[PDB]
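Just one chain is shown here, as structure tokens, and it is the form deposited in one PDB entry.
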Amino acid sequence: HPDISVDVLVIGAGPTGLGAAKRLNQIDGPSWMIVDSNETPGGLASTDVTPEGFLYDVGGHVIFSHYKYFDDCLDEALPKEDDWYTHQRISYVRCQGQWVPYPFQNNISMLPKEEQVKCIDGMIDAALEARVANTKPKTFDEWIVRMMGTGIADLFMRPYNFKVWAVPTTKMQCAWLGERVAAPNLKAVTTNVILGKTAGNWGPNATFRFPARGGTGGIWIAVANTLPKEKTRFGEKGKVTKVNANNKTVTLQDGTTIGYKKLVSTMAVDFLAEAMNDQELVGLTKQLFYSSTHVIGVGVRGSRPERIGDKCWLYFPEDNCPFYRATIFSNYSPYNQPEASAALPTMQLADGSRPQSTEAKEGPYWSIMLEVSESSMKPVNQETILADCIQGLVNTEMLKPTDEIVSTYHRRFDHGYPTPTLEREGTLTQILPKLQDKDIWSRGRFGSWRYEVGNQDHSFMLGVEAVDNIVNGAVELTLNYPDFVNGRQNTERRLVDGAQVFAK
């Protein structure tokens, strides 16, 4: 007899577990509980703040929602018009001293003429090959080259992706990319070159919403707050230390035992394996490759420079900086950094030299968020990475040597990306059915280890669907058919379904 008994136990209150909890709470049928070792809900979608008052999120991939249900929950959580700011999806690729609007291939008119020739030639080759193709690419790398041709592939996607995944593109599968044909739009590319134009893939239609306060972490705090407090257990009192799969009981730090009929686990699956003391799974989960992510934050004194402007996120294929992506985080909300009247001293200049004085001066302020990837194939010196990022900012002309840095931030996330390697699926098809046979739904970024559904909306929906499968027999579409869900409007599932309308 365990100390607590519930039908459905949810481990983890990141977006995945919150998704499961939200759906359980709406269904209000089977009994349930959600636990997490952190007092603040949000998991890795939480937001940090420096002593100087600069917020930083864990990533630069803004929200794009594929589901009405996700929208319902975000809207319930933060219902006021002024709870959000809307922006156009503005991004550029840093290449040869130029900010090239995304998508790269549609904007190579900014490159020197001879390089345009090399690019067009390679894409001509790719189009002619795609005309008689009778096989599908097998690696991320083959997919890139079939889409872009050699010249364009070498300038951006190949070196960029190495910096993103910390593995070569030849080591990765390409199913996670979706099912689009690996072929160039040669006319679109020659057309912009001939017309000598540039054009980003953004406009009034292509927008994202960012929360006015508390970063992305603020979304998840407000979602979590809609849950019945008594069904949550957050903090040390909720840290799971053992999972006894055969007896269907969990044991917490404080010794509390919880019995369950079904388990939704959102912890990394390698940690779950260890927690189950299941040696066969420990071996299998150790085969799952992943990269570690360093997030660097830099707060800068001054009004937003013209050269930065309305830029949102930026891609860096080149080797003159260690980060793959930068975000102008101060463009997302005026509350991601201190107000202009707030007074801070300069810590250092961008060229690394001491400020003229140590006196606190006022703002306004702007803020940059940088991402760097580490793996066995790509080491990162944690002792120098901050300074290398800052020099990277100078090298890319994001900061003048004279810019005044008033805040710095560095954090290393051991589990950063679950890598879409060639071996991933072969390993996961061994791991997930074994857990499934024990009534354990292991789901989430590292819960199910599939990158393509490991961001916020998809993960939230992994949790939702896991519960919908457990209770209503729904297909888990997002877990197993990401292309299917991505290719459509998912409007059927709502925070208020027929069931609740008829019950009231």
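For every residue, the number given is its place in the sequence shown, counted from 1. By rigid core we mean the largest C-alpha set that fits within 1.5 Å across both forms.
Not pictured, yet referred to below: the form deposited in another entry.
Residue showing a CA shift of 2 Å or more between the shown form and the other one (rigid core superposed; candidates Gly352, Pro228, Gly203, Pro379): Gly203. After superposition on the rigid core, the Cα of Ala127 moves by less than 2 Å between the shown form and the other one. In this overlay on the rigid core, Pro184 has a C-alpha that sits 2 Å or more away from its partner position between the shown form and the other one. Compared with the form shown here, the Cα atoms of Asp457 and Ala182 sit 3 Å or more closer together in the other entry. Between this form and the other one, the CA-CA gap for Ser367 and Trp202 widens by 3 Å or more, being larger in the other entry.
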